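To keep things clear, I will list the structure first and then write my remarks on it.
FYI, it's all coordinate maths here, none of it is from the lab. With ideal geometry, Cβ positions are generated from the backbone for all residues, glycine too; neighbour counts draw on all protein chains shown.
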Amino acid sequence: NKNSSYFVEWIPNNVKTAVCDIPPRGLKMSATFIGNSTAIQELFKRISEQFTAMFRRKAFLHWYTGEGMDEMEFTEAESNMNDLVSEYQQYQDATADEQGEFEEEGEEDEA
Amino acid sequence: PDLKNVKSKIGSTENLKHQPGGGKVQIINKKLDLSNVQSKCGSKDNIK
């Protein structure tokens, strides 16, 4: 209710809970979290820019290629990294309402 | 002693056109059809 702007609205209650009768040894209670925050892009946009740094000069690649790795694996992994950031970005800030105007295959433009 | 302006060996020459660019994603979904509907909890004949 308070932090609503930090939740994805089309998953209308984002929460799973579980509760165990047995604490760990020490203090009387505890809790453990996991978020699928779309914030995750802040890590992966850093690696991809840093990757591209190294690879736009082909820095230390001779090691990898010398174990017989092909350079089009680095190209697909980088592509799959860019496409994964695009999926983080497809569901980040996505409206509960659908997008309307976005077509380009249509047969007519006149009115 | 003139060396004839000797060139480097061997550089990032395979990267000279490289950026690289990004692909696209657009998801986006189709509506299901819910037009097969009628209620049963009333009367359509015995009302007459």
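Between region A:1-75 and region A:76-111, how many Å separate their Cα centres? First find each Cα centre; the distance between them is then 22 Å. The stretch between residue A:31 and residue A:87, if pulled fully straight at 0.36 nm per residue, gains 17.2 nm over its current Cα-Cα span. Estimated purely from DSSP H runs of n ≥ 4, each contributing -39500 (n - 2.57), the mean residue ellipticity at 222 nm for the protein assembly as shown is -8500 deg cm²/dmol once divided by its residues.
Of the residues A:6, A:96, A:79, the one whose Cα sits farthest towards the positive end of the charge dipole of chain A is A:6 (charges of +1 on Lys and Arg Cβ, -1 on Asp and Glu Cβ, taken about the Cα centre).
For region A:82-91, backbone phi angles converted through the Karplus equation (6.51, -1.76, 1.60; θ = phi - 60°) give residue-by-residue couplings of 5, 5, 4, 4, 4, 6, 3, 7, 6, 9 Hz, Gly and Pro being listed as x. For the residues of A:78-84, the average number of beta carbons from a partner chain within 10 Å of their own beta carbon is 2. Indicate the gyration tensor shape class of region A:7-49 (rounded, prolate or oblate), computed on the Cα atoms with a ≥ b ≥ c the square roots of the eigenvalues: a/c under 1.5 is rounded; otherwise a/b larger than b/c is prolate and the rest oblate. Oblate shape, in that a/c is at least 1.5 and b/c is the bigger or equal ratio.
Around the Cα centre of chain B, unit charges on the Cβ atoms of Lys, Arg, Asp and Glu (plus for the first two, minus for the last two) sum to a dipole of about 140 debye.
Taking a cut-off of 18 Å between Cα atoms, list the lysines near residue A:45, but don't count ones fewer than 8 places away on the same chain. Cα-Cα hits under 18 Å: B:24. For chain A, the Cβ-based charge dipole about the Cα centre amounts to some 1780 debye (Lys, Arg positive; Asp, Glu negative; other atoms uncharged).
Listed by chain and number, the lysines whose alpha-carbon sits under 25 Å from that of residue B:4, ignoring those within fewer than 8 places in the same chain, form an empty set.
Taking A:55, A:33, A:74 as the candidate residues, the one with maximal mean-square fluctuation in a Gaussian network model of chain A, Cα springs under 10 Å, is A:33.
Listing A:6, A:88 from fewest to most neighbouring C-beta atoms within 10 Å gives A:6, A:88. Rounded to the nearest 0.05, what FRET efficiency do residue A:11 and residue B:37 have when you use their Cβ-Cβ distance and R0 = 35 Å? It comes to 0.85.
Taking the inverse of the average 1/r across all pairs of different Cα atoms in the protein assembly as shown, what Kirkwood radius in Å do you get? Result for the protein assembly as shown stands at 23.3 Å. Excluding same-chain neighbours fewer than eight residues apart, the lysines reachable from residue B:7 by a Cα-Cα span under 21 Å are A:58, B:17. Since only A:53, B:39, A:17 are under comparison, the one whose Cα sits farthest along the positive direction of the charge dipole of the protein assembly as shown, derived from C-beta charges on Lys, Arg, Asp and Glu, is A:17.
Note on residue A:60 and residue A:20: the model spin-label points, each 7 Å out from Cα along the C-beta direction, lie 3.8 nm apart.
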